[PDB]
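One structure is given below, encoded as structure tokens.
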Amino acid sequence: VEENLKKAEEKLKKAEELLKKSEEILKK
Amino acid sequence: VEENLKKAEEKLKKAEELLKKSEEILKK
Amino acid sequence: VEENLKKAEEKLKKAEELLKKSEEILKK
Amino acid sequence: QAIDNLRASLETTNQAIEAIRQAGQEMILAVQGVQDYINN
Amino acid sequence: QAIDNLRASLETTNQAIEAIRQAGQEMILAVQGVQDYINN
Amino acid sequence: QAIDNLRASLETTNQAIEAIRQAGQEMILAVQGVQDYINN
């Protein structure tokens with residue numbers, strides 16, 4: 001269960017990175 | 001655990017509000 | 001609990017289908 | 001037409017998000033169901 | 001203005017996604033809390 | 001270029017959604033793992 005929650009947390013962090021990138025592209 | 005699920009439910013409701021807003025902007 | 005997880009898995013599969021459709025529209 | 005294409009893509013994306021949001025509501029019920037059973 | 005409209009829609013969509021992402025972080029803490037209690 | 005900019009943003013957004021969707025599949029396996037352990 002801990003490995004599954006770790007992998008989930010990693011994917012949520014990648015999603016945050018990608019949302020900030022999307023926002024930066026929109027600013028342009 | 002109940003506080004975490006409450007906060008999750010609140011965020012899912014805010015997401016629904018924001019999706020309806022996005023859809024309304026697109027209609028224009 | 002198993003019914004709730006089944007319904008969640010079904011909705012995640014529909015989301016994947018819709019994302020691939022979005023990507024295909026963007027390619028055009 | 002390129003503007004219309006983006007609009008159709010974003011409509012589609014919003015539907016995908018809504019499917020994930022509903023999957024989230026089912027996962028809250030699942031975690032509630034586990035918490036209920038261990039507190040029975 | 002149609003370009004500006006799409007941009008405002010996508011900004012809004014990104015906020016919706018961020019709300020779901022934060023709901024996901026709360027659900028990880030919930031599943032952690034259940035796993036902690038059965039391992040106490 | 002403004003149309004191209006929106007397209008690149010929406011591509012990026014779709015990748016973010018896909019990361020959340022995969023996080024959701026891992027959370028289903030986590031809740032399954034807890035439910036399995038209390039039913040062992």
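Every chain in the structure tokens has a letter given in the order shown (A, B, ...), and although residue numbers restart at 1 in each chain, ligands are simply numbered from 1 in the order shown.
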
*asked:* Can you tell me which residues surround residue 14 (chain A) at a distance of at most 12 Å, considering only C-alpha atoms, apart from same-chain residues fewer than 6 positions away, and format the answer as a PyMOL selection string?
replied: (chain A and resi 7-8+20-21) or (chain E and resi 18+21) or (chain F and resi 12-13+15-23)

Same residues, N, CA and C atoms, saved as a PDB file, in the first residue's frame:
ATOM      1  N   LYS A   7       3.841   6.199  -5.334  1.00  0.00           N
ATOM      2  CA  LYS A   7       3.706   6.379  -6.791  1.00  0.00           C
ATOM      3  C   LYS A   7       2.596   7.418  -7.048  1.00  0.00           C
ATOM      4  N   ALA A   8       1.506   7.383  -6.292  1.00  0.00           N
ATOM      5  CA  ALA A   8       0.424   8.368  -6.465  1.00  0.00           C
ATOM      6  C   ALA A   8       0.994   9.749  -6.178  1.00  0.00           C
ATOM      7  N   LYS A  20       1.937  24.147 -13.763  1.00  0.00           N
ATOM      8  CA  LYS A  20       2.724  25.424 -13.734  1.00  0.00           C
ATOM      9  C   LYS A  20       3.274  25.703 -15.139  1.00  0.00           C
ATOM     10  N   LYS A  21       3.712  24.717 -15.869  1.00  0.00           N
ATOM     11  CA  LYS A  21       4.220  24.885 -17.227  1.00  0.00           C
ATOM     12  C   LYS A  21       3.092  25.397 -18.112  1.00  0.00           C
TER      13      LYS A  21
ATOM     14  N   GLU E  18      -6.169  21.759 -10.596  1.00  0.00           N
ATOM     15  CA  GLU E  18      -5.438  21.959  -9.323  1.00  0.00           C
ATOM     16  C   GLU E  18      -6.305  21.631  -8.127  1.00  0.00           C
ATOM     17  N   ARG E  21      -6.229  17.900  -7.920  1.00  0.00           N
ATOM     18  CA  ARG E  21      -4.887  17.450  -7.496  1.00  0.00           C
ATOM     19  C   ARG E  21      -4.784  17.590  -5.994  1.00  0.00           C
TER      20      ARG E  21
ATOM     21  N   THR F  12      -0.055  20.496 -22.674  1.00  0.00           N
ATOM     22  CA  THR F  12       0.565  20.444 -21.362  1.00  0.00           C
ATOM     23  C   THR F  12      -0.486  20.093 -20.280  1.00  0.00           C
ATOM     24  N   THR F  13      -1.605  20.824 -20.311  1.00  0.00           N
ATOM     25  CA  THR F  13      -2.739  20.518 -19.418  1.00  0.00           C
ATOM     26  C   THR F  13      -3.162  19.045 -19.551  1.00  0.00           C
ATOM     27  N   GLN F  15      -1.393  16.560 -20.382  1.00  0.00           N
ATOM     28  CA  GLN F  15      -0.394  15.710 -19.714  1.00  0.00           C
ATOM     29  C   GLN F  15      -0.590  15.766 -18.214  1.00  0.00           C
ATOM     30  N   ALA F  16      -0.911  16.937 -17.662  1.00  0.00           N
ATOM     31  CA  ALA F  16      -1.138  17.030 -16.232  1.00  0.00           C
ATOM     32  C   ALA F  16      -2.312  16.133 -15.794  1.00  0.00           C
ATOM     33  N   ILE F  17      -3.358  16.159 -16.590  1.00  0.00           N
ATOM     34  CA  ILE F  17      -4.567  15.357 -16.274  1.00  0.00           C
ATOM     35  C   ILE F  17      -4.177  13.910 -16.295  1.00  0.00           C
ATOM     36  N   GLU F  18      -3.434  13.508 -17.317  1.00  0.00           N
ATOM     37  CA  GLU F  18      -2.998  12.093 -17.388  1.00  0.00           C
ATOM     38  C   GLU F  18      -2.171  11.705 -16.182  1.00  0.00           C
ATOM     39  N   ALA F  19      -1.354  12.546 -15.627  1.00  0.00           N
ATOM     40  CA  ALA F  19      -0.601  12.227 -14.399  1.00  0.00           C
ATOM     41  C   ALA F  19      -1.546  12.030 -13.219  1.00  0.00           C
ATOM     42  N   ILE F  20      -2.589  12.891 -13.124  1.00  0.00           N
ATOM     43  CA  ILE F  20      -3.594  12.712 -12.055  1.00  0.00           C
ATOM     44  C   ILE F  20      -4.377  11.404 -12.252  1.00  0.00           C
ATOM     45  N   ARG F  21      -4.689  11.096 -13.488  1.00  0.00           N
ATOM     46  CA  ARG F  21      -5.451   9.865 -13.785  1.00  0.00           C
ATOM     47  C   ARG F  21      -4.624   8.672 -13.358  1.00  0.00           C
ATOM     48  N   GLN F  22      -3.356   8.666 -13.659  1.00  0.00           N
ATOM     49  CA  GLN F  22      -2.494   7.551 -13.223  1.00  0.00           C
ATOM     50  C   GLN F  22      -2.358   7.567 -11.716  1.00  0.00           C
ATOM     51  N   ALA F  23      -2.297   8.714 -11.045  1.00  0.00           N
ATOM     52  CA  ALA F  23      -2.292   8.744  -9.578  1.00  0.00           C
ATOM     53  C   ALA F  23      -3.574   8.101  -9.049  1.00  0.00           C
TER      54      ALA F  23
END

Rotated and translated chain B onto chain C by C-alpha atoms, as a PDB file with N, CA, C and O atoms, in the first residue's frame:
ATOM      1  N   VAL B   1     -17.375  -1.543  -0.919  1.00  0.00           N
ATOM      2  CA  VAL B   1     -16.096  -0.853  -1.279  1.00  0.00           C
ATOM      3  C   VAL B   1     -15.674  -1.290  -2.691  1.00  0.00           C
ATOM      4  O   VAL B   1     -15.302  -0.430  -3.506  1.00  0.00           O
ATOM      5  N   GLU B   2     -15.754  -2.574  -3.016  1.00  0.00           N
ATOM      6  CA  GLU B   2     -15.365  -3.102  -4.341  1.00  0.00           C
ATOM      7  C   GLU B   2     -16.189  -2.428  -5.451  1.00  0.00           C
ATOM      8  O   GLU B   2     -15.589  -2.133  -6.496  1.00  0.00           O
ATOM      9  N   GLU B   3     -17.487  -2.147  -5.242  1.00  0.00           N
ATOM     10  CA  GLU B   3     -18.380  -1.495  -6.236  1.00  0.00           C
ATOM     11  C   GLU B   3     -17.915  -0.053  -6.468  1.00  0.00           C
ATOM     12  O   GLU B   3     -17.940   0.395  -7.619  1.00  0.00           O
ATOM     13  N   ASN B   4     -17.597   0.631  -5.387  1.00  0.00           N
ATOM     14  CA  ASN B   4     -17.072   2.015  -5.470  1.00  0.00           C
ATOM     15  C   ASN B   4     -15.752   1.990  -6.256  1.00  0.00           C
ATOM     16  O   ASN B   4     -15.610   2.848  -7.159  1.00  0.00           O
ATOM     17  N   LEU B   5     -14.833   1.076  -5.974  1.00  0.00           N
ATOM     18  CA  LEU B   5     -13.549   1.051  -6.704  1.00  0.00           C
ATOM     19  C   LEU B   5     -13.815   0.670  -8.155  1.00  0.00           C
ATOM     20  O   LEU B   5     -13.110   1.180  -9.028  1.00  0.00           O
ATOM     21  N   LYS B   6     -14.748  -0.228  -8.450  1.00  0.00           N
ATOM     22  CA  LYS B   6     -15.095  -0.575  -9.849  1.00  0.00           C
ATOM     23  C   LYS B   6     -15.575   0.672 -10.596  1.00  0.00           C
ATOM     24  O   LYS B   6     -15.187   0.878 -11.757  1.00  0.00           O
ATOM     25  N   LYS B   7     -16.484   1.408 -10.018  1.00  0.00           N
ATOM     26  CA  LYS B   7     -17.050   2.622 -10.636  1.00  0.00           C
ATOM     27  C   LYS B   7     -15.909   3.641 -10.830  1.00  0.00           C
ATOM     28  O   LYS B   7     -15.832   4.233 -11.930  1.00  0.00           O
ATOM     29  N   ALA B   8     -14.997   3.761  -9.873  1.00  0.00           N
ATOM     30  CA  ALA B   8     -13.864   4.693 -10.011  1.00  0.00           C
ATOM     31  C   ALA B   8     -13.041   4.259 -11.216  1.00  0.00           C
ATOM     32  O   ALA B   8     -12.644   5.139 -12.030  1.00  0.00           O
ATOM     33  N   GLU B   9     -12.681   2.979 -11.298  1.00  0.00           N
ATOM     34  CA  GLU B   9     -11.853   2.456 -12.424  1.00  0.00           C
ATOM     35  C   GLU B   9     -12.553   2.726 -13.773  1.00  0.00           C
ATOM     36  O   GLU B   9     -11.858   3.146 -14.756  1.00  0.00           O
ATOM     37  N   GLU B  10     -13.867   2.561 -13.846  1.00  0.00           N
ATOM     38  CA  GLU B  10     -14.640   2.811 -15.078  1.00  0.00           C
ATOM     39  C   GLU B  10     -14.489   4.284 -15.472  1.00  0.00           C
ATOM     40  O   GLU B  10     -14.348   4.600 -16.662  1.00  0.00           O
ATOM     41  N   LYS B  11     -14.620   5.178 -14.503  1.00  0.00           N
ATOM     42  CA  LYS B  11     -14.541   6.636 -14.786  1.00  0.00           C
ATOM     43  C   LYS B  11     -13.115   7.007 -15.212  1.00  0.00           C
ATOM     44  O   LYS B  11     -12.982   7.859 -16.082  1.00  0.00           O
ATOM     45  N   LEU B  12     -12.104   6.406 -14.626  1.00  0.00           N
ATOM     46  CA  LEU B  12     -10.691   6.671 -15.040  1.00  0.00           C
ATOM     47  C   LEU B  12     -10.455   6.183 -16.470  1.00  0.00           C
ATOM     48  O   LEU B  12      -9.682   6.799 -17.230  1.00  0.00           O
ATOM     49  N   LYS B  13     -11.097   5.067 -16.836  1.00  0.00           N
ATOM     50  CA  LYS B  13     -10.980   4.592 -18.242  1.00  0.00           C
ATOM     51  C   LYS B  13     -11.700   5.546 -19.199  1.00  0.00           C
ATOM     52  O   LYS B  13     -11.138   5.811 -20.285  1.00  0.00           O
ATOM     53  N   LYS B  14     -12.867   6.031 -18.866  1.00  0.00           N
ATOM     54  CA  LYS B  14     -13.567   7.030 -19.709  1.00  0.00           C
ATOM     55  C   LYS B  14     -12.694   8.291 -19.807  1.00  0.00           C
ATOM     56  O   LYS B  14     -12.557   8.833 -20.923  1.00  0.00           O
ATOM     57  N   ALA B  15     -12.071   8.733 -18.706  1.00  0.00           N
ATOM     58  CA  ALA B  15     -11.177   9.910 -18.778  1.00  0.00           C
ATOM     59  C   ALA B  15     -10.044   9.669 -19.780  1.00  0.00           C
ATOM     60  O   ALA B  15      -9.685  10.567 -20.510  1.00  0.00           O
ATOM     61  N   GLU B  16      -9.437   8.479 -19.783  1.00  0.00           N
ATOM     62  CA  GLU B  16      -8.336   8.191 -20.729  1.00  0.00           C
ATOM     63  C   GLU B  16      -8.835   8.297 -22.179  1.00  0.00           C
ATOM     64  O   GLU B  16      -8.147   8.884 -22.993  1.00  0.00           O
ATOM     65  N   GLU B  17     -10.010   7.741 -22.433  1.00  0.00           N
ATOM     66  CA  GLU B  17     -10.644   7.790 -23.779  1.00  0.00           C
ATOM     67  C   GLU B  17     -10.828   9.241 -24.216  1.00  0.00           C
ATOM     68  O   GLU B  17     -10.446   9.638 -25.339  1.00  0.00           O
ATOM     69  N   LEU B  18     -11.335  10.066 -23.295  1.00  0.00           N
ATOM     70  CA  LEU B  18     -11.585  11.485 -23.587  1.00  0.00           C
ATOM     71  C   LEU B  18     -10.263  12.247 -23.763  1.00  0.00           C
ATOM     72  O   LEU B  18     -10.208  13.055 -24.647  1.00  0.00           O
ATOM     73  N   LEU B  19      -9.242  11.937 -23.005  1.00  0.00           N
ATOM     74  CA  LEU B  19      -7.964  12.616 -23.216  1.00  0.00           C
ATOM     75  C   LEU B  19      -7.417  12.256 -24.605  1.00  0.00           C
ATOM     76  O   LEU B  19      -6.792  13.111 -25.259  1.00  0.00           O
ATOM     77  N   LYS B  20      -7.467  10.976 -24.983  1.00  0.00           N
ATOM     78  CA  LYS B  20      -6.959  10.588 -26.340  1.00  0.00           C
ATOM     79  C   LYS B  20      -7.771  11.333 -27.409  1.00  0.00           C
ATOM     80  O   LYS B  20      -7.130  11.789 -28.398  1.00  0.00           O
ATOM     81  N   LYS B  21      -9.052  11.500 -27.246  1.00  0.00           N
ATOM     82  CA  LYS B  21      -9.894  12.225 -28.193  1.00  0.00           C
ATOM     83  C   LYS B  21      -9.437  13.676 -28.246  1.00  0.00           C
ATOM     84  O   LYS B  21      -9.327  14.243 -29.321  1.00  0.00           O
ATOM     85  N   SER B  22      -9.244  14.323 -27.073  1.00  0.00           N
ATOM     86  CA  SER B  22      -8.748  15.710 -27.028  1.00  0.00           C
ATOM     87  C   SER B  22      -7.444  15.830 -27.818  1.00  0.00           C
ATOM     88  O   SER B  22      -7.295  16.799 -28.565  1.00  0.00           O
ATOM     89  N   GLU B  23      -6.504  14.974 -27.552  1.00  0.00           N
ATOM     90  CA  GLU B  23      -5.191  14.951 -28.254  1.00  0.00           C
ATOM     91  C   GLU B  23      -5.389  14.809 -29.765  1.00  0.00           C
ATOM     92  O   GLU B  23      -4.670  15.502 -30.495  1.00  0.00           O
ATOM     93  N   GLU B  24      -6.314  13.959 -30.187  1.00  0.00           N
ATOM     94  CA  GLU B  24      -6.546  13.736 -31.641  1.00  0.00           C
ATOM     95  C   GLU B  24      -7.091  15.022 -32.261  1.00  0.00           C
ATOM     96  O   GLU B  24      -6.555  15.412 -33.323  1.00  0.00           O
ATOM     97  N   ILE B  25      -8.054  15.691 -31.629  1.00  0.00           N
ATOM     98  CA  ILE B  25      -8.601  16.998 -32.100  1.00  0.00           C
ATOM     99  C   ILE B  25      -7.452  18.004 -32.216  1.00  0.00           C
ATOM    100  O   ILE B  25      -7.350  18.679 -33.254  1.00  0.00           O
ATOM    101  N   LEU B  26      -6.569  18.105 -31.211  1.00  0.00           N
ATOM    102  CA  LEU B  26      -5.423  19.062 -31.229  1.00  0.00           C
ATOM    103  C   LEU B  26      -4.515  18.810 -32.430  1.00  0.00           C
ATOM    104  O   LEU B  26      -4.029  19.809 -32.994  1.00  0.00           O
ATOM    105  N   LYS B  27      -4.226  17.548 -32.741  1.00  0.00           N
ATOM    106  CA  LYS B  27      -3.372  17.179 -33.902  1.00  0.00           C
ATOM    107  C   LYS B  27      -3.918  17.835 -35.173  1.00  0.00           C
ATOM    108  O   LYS B  27      -3.093  18.194 -36.041  1.00  0.00           O
ATOM    109  N   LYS B  28      -5.229  18.024 -35.286  1.00  0.00           N
ATOM    110  CA  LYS B  28      -5.859  18.618 -36.497  1.00  0.00           C
ATOM    111  C   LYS B  28      -5.666  20.140 -36.510  1.00  0.00           C
ATOM    112  O   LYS B  28      -5.810  20.738 -37.598  1.00  0.00           O
TER     113      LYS B  28
END

*Within 7 Å of region 33-36 of chain D using only C-alpha atoms, minus same-chain residues under 3 positions, as a PyMOL selection string*: (chain C and resi 1) or (chain D and resi 29-30+39-40) or (chain E and resi 34) or (chain F and resi 35)

*For chain E, which residues have at least one atom within 7 Å of chain A, if we go by only C-alpha atoms? Write them as number ranges by chain, please.*
E: 7, 14, 21, 28
